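Each chain, written out:
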8 protein chains.
Amino acid sequence: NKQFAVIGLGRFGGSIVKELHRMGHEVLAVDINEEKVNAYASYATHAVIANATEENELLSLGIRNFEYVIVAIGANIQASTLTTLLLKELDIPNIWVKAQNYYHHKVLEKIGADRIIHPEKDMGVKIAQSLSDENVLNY
Amino acid sequence: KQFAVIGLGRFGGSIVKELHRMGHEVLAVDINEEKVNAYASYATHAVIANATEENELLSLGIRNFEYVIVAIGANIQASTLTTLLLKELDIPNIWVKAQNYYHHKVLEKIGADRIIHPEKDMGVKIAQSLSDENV
Amino acid sequence: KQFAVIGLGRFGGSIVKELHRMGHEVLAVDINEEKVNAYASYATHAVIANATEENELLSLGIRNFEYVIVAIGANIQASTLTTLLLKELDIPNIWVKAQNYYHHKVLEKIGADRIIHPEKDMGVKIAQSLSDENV
Amino acid sequence: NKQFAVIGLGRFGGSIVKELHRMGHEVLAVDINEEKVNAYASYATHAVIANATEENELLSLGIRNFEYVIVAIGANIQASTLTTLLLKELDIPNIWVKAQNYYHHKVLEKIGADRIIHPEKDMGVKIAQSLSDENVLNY
Amino acid sequence: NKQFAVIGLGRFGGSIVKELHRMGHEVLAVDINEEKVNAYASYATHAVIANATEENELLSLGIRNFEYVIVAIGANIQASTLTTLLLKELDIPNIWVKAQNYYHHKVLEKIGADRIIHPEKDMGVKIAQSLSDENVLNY
Amino acid sequence: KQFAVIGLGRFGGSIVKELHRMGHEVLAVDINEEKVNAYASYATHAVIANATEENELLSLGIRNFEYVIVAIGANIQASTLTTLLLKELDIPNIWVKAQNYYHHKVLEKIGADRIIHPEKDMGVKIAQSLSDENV
Amino acid sequence: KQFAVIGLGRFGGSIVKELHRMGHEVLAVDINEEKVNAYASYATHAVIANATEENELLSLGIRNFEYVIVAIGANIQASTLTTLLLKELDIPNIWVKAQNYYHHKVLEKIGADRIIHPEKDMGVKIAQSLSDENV
Amino acid sequence: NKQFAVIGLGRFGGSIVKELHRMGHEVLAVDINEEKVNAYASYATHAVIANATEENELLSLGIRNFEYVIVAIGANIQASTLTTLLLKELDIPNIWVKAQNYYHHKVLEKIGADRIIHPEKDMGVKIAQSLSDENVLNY
Ligand SMILES: Nc1ncnc2c1ncn2[C@@H]1O[C@H](COP(=O)(O)OP(=O)(O)O)[C@@H](O)[C@H]1O
Ligand SMILES: Nc1ncnc2c1ncn2[C@@H]1O[C@H](COP(=O)(O)OP(=O)(O)O)[C@@H](O)[C@H]1O
Ligand SMILES: Nc1ncnc2c1ncn2[C@@H]1O[C@H](COP(=O)(O)OP(=O)(O)O)[C@@H](O)[C@H]1O
Ligand SMILES: Nc1ncnc2c1ncn2[C@@H]1O[C@H](COP(=O)(O)OP(=O)(O)O)[C@@H](O)[C@H]1O
Ligand SMILES: Nc1ncnc2c1ncn2[C@@H]1O[C@H](COP(=O)(O)OP(=O)(O)O)[C@@H](O)[C@H]1O
Ligand SMILES: Nc1ncnc2c1ncn2[C@@H]1O[C@H](COP(=O)(O)OP(=O)(O)O)[C@@H](O)[C@H]1O
Ligand SMILES: Nc1ncnc2c1ncn2[C@@H]1O[C@H](COP(=O)(O)OP(=O)(O)O)[C@@H](O)[C@H]1O
Ligand SMILES: Nc1ncnc2c1ncn2[C@@H]1O[C@H](COP(=O)(O)OP(=O)(O)O)[C@@H](O)[C@H]1O
């Protein structure tokens, strides 16, 4: 109960919502855009329309009660940092954030983010790893 | 054995740097010299080249590699043309980063052996990373 | 015998109108209803459809046509994906308007039987039209 | 001698220059951009860098001495109409102009253009014709 | 009856409508924008909302029946030239047009405009004249 | 007798050229050298100067003119400041081109003896020009 | 005694809120209703009005105030016209926020008793605030 | 010696540099733009051209040795927050920052800024105070 919450349902965020659901996990999916919230209705325990930067909507959401909260806001560094800021204020156990660039990463580190994700770069490392496995582990 | 990465953006450059760290040799290539220089220290050989040019593909020796990764980004046309050419050279394993849905669809019909979607794929990784929290 | 034009822009719509004037039957198709209506009076059948969707391609019956013209413009990805699909249906003659050089290059390797370049092609027409001045 | 002149060396204009050259015809190729003029050096009797809207450069060019002058200016209705305007003033026997749209066509008709070309539409008719030939002429 | 018609009710056009009305003249005021048409309701015999570039609306307007028609379209060279083009087709006795610049002037001359107005420059001459009068006519 | 035009745009330059044609002497001034040169042949003296600078106004000798025309355009602030300064120098006749309604309103309270509105004013001219058709 | 603030931006609204906190009565005014509402709870009376309109200035009763602050921002013309009008009403103290140098220059010649430059002025405050560190 | 440093020489920053100088205080003035640095040459002990967001240039500057450092970067929230971030890393005793808006303020609070300045609002309070003084203190 109330273990995972994902804010920002783009390619990255919506993808963790789907995988979680597939794995049988309950998940809180949120976005400011309603068309996005309706797109993940069949995958989330609860899919709410909310502005993550709004300190009150965060309360109506009950976000203070989640062990992990993922901020997957995309090309909006401000909404992303602001949200992570409020989350850190609600003392959320684990806040993971998708970073847009170096600058964003630098502020997130000090803003409270426990883990920063750089999709492009990070996948680059995992692809390198798969390549190595193909030969090293020989297969 | 052989590894070749075409397109040294955040995705492509990252795989070159990782392969290097993991003690692997890698051919790094990009049409932009500035990109090639940024990864020269990580690749066995870093070469400036337009991957859509067959002649540049041959002077490159790309046909001799076991795995070639197409990491072209925004230039979707170059990406699909490049993988079309690599397919003609019968490269054993051609992996391509997909820009979008239509792109993925052409790539699968074009001969891409593996199609990568950084955002989506990383998303699944994070979900699985999230579960392991109680493993 | 059968003629099918996908993409009713200036180029595509024009060919539909001409075929009609020349007493030929033609299937007109476009993803945009507004475009489909604009040529409804010129085609035997004008249908709204996304040419990249295999199911819409089948409910359309496109596989039964002798000549299919892909006149998608700016959406280069839809254009190449659409011709890739038509090729799977073994359409006898698939003619495609090329947006640019890379586009032409993928199209030729993809199975386009004829590649049209309005600007260039019309340019040759005008030159030949210019000479005839003294013929 | 001095039969054809092409102003505007884009896909359309450069293409008539090439075809003319292939057919053994002498041609005057002009453009305001030097990189364009250098690209058609091996196809034109003479390739000059000039602003077709400049009334003087038109004289230095000797354009008044050509039977046919093609205005192949692209996405610049103003430069296109202006040029055709000056050409009509020099009393050029035949002025052909590539039109961008309906509006452009309407002004060109009254401005002096003897023939208006709409590449996209016009090629559409010729493609229809080729299709008909495939079946009608049976081949 | 049906002597003057003004198309384009901006500062320039609306001003001739007002002056005409003050002088006791009947005037046809037209504009595509309704807020403009409503602003000159108390000054024009008839104030209609119409697109001057639309060949049909020009007929519904009855513009073919006016001795003078003023095209006072502003920063829209295309709508301005297009309108003057249609007007010249309806064989209007006198078509006066406000020109935006040199290019516009050049096309209007050939498009049919009987008189071209350049507010800024033209007023400049009249101001020079007033200055001269102050001293020469001594007053 | 003395005439001075500040701001050589279409409006201001035009009055300088007309005064010249009418055999009158005129001081032409503008902050932009390019504008000053364009009218150098029409003015007795064409000087580059920022009309808002009192010192440049004095080295100019503007205070000795009977009529000074402020034809600054878009820079409404410079326009009103310039006329404020000319008023301090008690110039007998200061005529100013108004950019808009608020501008006209400040100018009248500031000391502008005549406020010109090219668009509106020309509009009245045309209406009167229209009537004379049957005079 | 009487205080009137025209223009409820960050600067103007702030002074209204402070005066309120300090137990002072204040007339808040702005052409934008949304701005007027935002400060309705802080002013004795918050009124929507265009400060450039003499009639709205009279129905407002502005002429009865000892201090009137013009805090119009970007609309420099409204700002100078408004202070020009207040000067006609002989308001004892008219303080105006200056947008820039030319603005300050017109304002001083127009009758502004005090000209405020938030950025500059606050800058001096901080410097003096910095020194006091060792006082 | 090395007491005050001001980064960003706009209206706000340049103004504290001037006042400090007038009061006989030594001050370090810095900006990325050279024309700005040259404008405050006669007011600062030292006026250097540097990118405050560059971690190295901050070292060449010797900023680690100042009791107070003012970040007066204007309409560039990113450069402003980034700089304050590096400054907080160098453990500067007092970092004051000009905030552009609420969002900026919120990040600065957590980023390390010891004092946040909102020129417009803050001056508003001081103006209110001057008004009160006029009457209350009666003068
Ligand atoms: N303040 C916010 N609160 C909640 N969700 C937001 C907020 N701002 C943006 N979002 C959502 O986060 C997502 C942005 O991630 P993004 O990568 O841009 O989507 P995509 O990958 O499809 O382009 C969008 O679905 C957007 O609606
Ligand atoms: N035809 C081509 N041949 C070789 N490299 C190319 C070609 N087209 C694009 N590239 C390279 O592929 C890379 C794509 O990464 P990209 O996503 O566009 O930049 P980024 O990852 O920083 O956002 C670029 O560095 C680009 O120079
Ligand atoms: N996937 C698709 N399936 C069917 N039609 C499409 C598809 N994508 C684009 N089109 C249509 O192809 C036409 C291309 O003509 P276009 O050049 O883009 O407009 P225009 O010729 O006026 O400049 C458009 O009318 C567009 O709606
Ligand atoms: N005033 C001018 N005089 C001469 N040439 C011009 C003028 N204006 C534009 N051109 C040229 O006409 C051509 C425009 O045709 P265009 O279709 O835009 O080129 P492309 O097909 O490659 O996009 C360009 O080569 C341009 O430099
Ligand atoms: N096609 C058109 N048909 C009729 N009126 C038009 C057309 N296009 C523009 N107008 C009108 O002509 C006027 C433009 O003159 P303008 O100078 O731009 O107004 P203003 O002086 O207030 O800026 C506007 O009132 C506009 O609505
Ligand atoms: N402070 C000033 N002192 C002197 N001249 C000025 C000042 N400010 C602007 N000007 C000049 O006044 C002229 C105004 O004419 P303008 O309307 O702005 O250009 P245009 O008439 O071509 O549209 C410009 O040439 C400008 O350089
Ligand atoms: N003519 C006017 N009469 C009364 N109030 C006005 C007038 N013009 C502008 N204002 C008001 O003055 C205020 C100026 O503050 P401003 O700086 O423009 O916004 P902000 O302080 O948020 O940046 C605005 O709220 C505006 O509505
Ligand atoms: N990264 C940076 N490092 C140092 N100085 C900077 C940096 N970014 C901006 N600045 C400077 O800070 C100042 C911005 O303050 P600003 O308010 O915009 O100036 P102004 O008040 O004249 O508009 C400018 O002088 C700018 O050059």
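Residues numbered from 1 in each chain as written, not as in the entry; some residues may be left out. Chains lettered and ligands numbered in written order. Heavy atoms only, no water. Residues with missing side-chain atoms left out of burial classes, pairs and counts.

- As summarised from the PDB record, the model derives from X-ray crystallography at a stated resolution of 2.200 Å.

**Here's the deal with the site of ligand 8**
Residue and element names in this part refer to chain H.
Part 1: Taken together, 18 residues are adjacent to ligand 8, and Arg11, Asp31, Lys36, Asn51 and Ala52 come closest.
Part 2: Contact distances for ligand 8 include 2.9 Å between an oxygen atom and a side-chain N or O atom of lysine 36.
Part 3: In the environment of ligand 8, a nitrogen atom lies 3.1 Å from a nitrogen or oxygen atom belonging to the side chain of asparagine 51.
Part 4: Protein coverage of the free-state accessible area of ligand 8, which is 580 Å², stands at 76%.
Part 5: For the shell around ligand 8, the class distribution of residues is nine nonpolar, six polar and three charged. (Near = heavy atom within 4 Å. Polar contact = N/O pair within 3.5 Å; in protein donor to acceptor, adjacent residues only side chain to side chain. Areas by Shrake-Rupley, 256 points an atom, 1.4 Å probe, with all protein chains shown as cover. Nonpolar A, V, L, I, M, F, W, Y, C, P; charged D, E, K, R; others polar.)

**Re helix 5 (residues 101-110) of chain G**
Two residues of an α-helix separated by three or four positions point the same way, owing to the 3.6 residues in each turn.
Part 1: Within the span of helix 5 of chain G, buried status applies to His103, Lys105, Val106, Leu107 and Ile110 of chain G.
Part 2: If you follow the buried residues of helix 5 of chain G, they end up packed against helix 4 (76-88) and helix 5 (101-110) of chain F together with helix 4 (76-88), strand 5 (93-97) and strand 6 (114-116) of chain G.
Part 3: Between the side-chain oxygen of the N-cap and the backbone nitrogen of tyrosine 102 of chain G there are 3.4 Å, and the N-cap of helix 5 of chain G in question is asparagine 100 of chain G. (Buried < 20%, exposed > 50% of the residue type's maximum accessible area, 1.4 Å probe, protein only. Helix = DSSP H or I, 4+ residues; strand = E, 2+ residues; numbered from the N terminus. Contact = heavy atoms within 4.5 Å.)

**Looking at the site of ligand 4**
Residue and element names in this part refer to chain D.
Part 1: Around ligand 4, the surrounding shell holds 18 residues, and the nearest of these are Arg11, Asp31, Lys36, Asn51 and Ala52.
Part 2: In this structure, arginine 11 approaches ligand 4 through a main-chain N or O atom, which is 3.2 Å from an oxygen atom.
Part 3: Within the backbone of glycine 74, an N or O atom sits 3.2 Å from an oxygen atom of ligand 4.
Part 4: Bound to the protein, ligand 4 loses 77% of the 580 Å² it would expose on its own.
Part 5: For the shell around ligand 4, the per-class residue count stands at nine nonpolar, six polar and three charged.

**As for the pattern of salt bridges**
Part 1: Taken as a whole, this structure holds 36 salt bridges over all chains when the rule is applied.
Part 2: With a shortest N-O distance of 3.6 Å, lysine 106 of chain D and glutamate 89 of chain E are connected by a salt bridge. Residue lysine 106 of chain D is found in helix 5 (residues 102-111), and its partner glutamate 89 of chain E is found in helix 4 (residues 77-89); the two belong to separate chains.
Part 3: Overall, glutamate 89 of chain E belongs to the partly exposed group, its relative accessible area being 36%. (Salt bridge = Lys/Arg side-chain N within 4 Å of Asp/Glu carboxyl O.)

**Focus: the interface of chain G and chain F**
Part 1: Each partner contributes residues to the interface: chain G has 19 residues there, and chain F has 19 residues.
Part 2: Taken together, the two surfaces of chain G and chain F that pack against each other cover about 1,600 Å², and 56% of this comes from carbon and sulfur.
Part 3: The largest share of the area that chain G buries against chain F comes from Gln77, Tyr102 and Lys109 of chain G, three residues that together contribute 40% of it.
Part 4: In this assembly, chain G and chain F are joined by four salt bridges.
Part 5: Between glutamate 54 of chain F and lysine 109 of chain G there is a salt bridge, and its shortest N-O distance comes to 4.0 Å.
Part 6: Applying the counting criterion to the chain G and chain F interface returns 10 residue pairs in polar contact.
Part 7: Among the secondary structure elements, those contributing two or more residues to the side of chain G that touches chain F are helix 4 and helix 5 of chain G.
Part 8: At eight residues, the largest contribution of residues to the side of chain G that touches chain F is made by helix 4 of chain G.
Part 9: Class assignment for the residues of the side of chain G that touches chain F results in eight nonpolar, seven polar and four charged. (Buried area = accessible area lost by both parts, 1.4 Å probe.)

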